[PDB]
């Protein structure tokens, strides 16, 4: 059975107006800005941008890659597919 999300979990994450995007739940580094309540810091592969999302926008990677894990025209998307499949826990800073 599922647990709550924790840092390191891999997902496709959904923002209004973008397709479901390869992403991970980030840690919050010592001293770094914290998210709001009930939200997680989402690092988006490819773009390397962060946003704060709640679980309704987070689709676990193993379950959803058959559907969402396909090439896309948007900037950073296909780079993001490589990262999530090949080195999802690297430093991309």
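Residue numbers count along the first chain shown, from 1. Throughout, rigid core stands for the largest set of C-alpha atoms superposing within 1.5 Å between the two forms.
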After core superposition, the stretch with larger RMS C-alpha deviation in 6 other deposited structures of this protein, comparing 47-55 and 29-37, is 29-37
For 17-25 versus 66-74, entry-based mean Cα B-factors point to 66-74
Mean B factor on CA atoms, stretches 75-83 and 7-15, record says higher is 75-83
Of the three thirds of the chain ranked by Cα temperature factor, residue 42 occupies the lowest
By the entry's values, the third containing the CA B factor of residue 33 is the highest
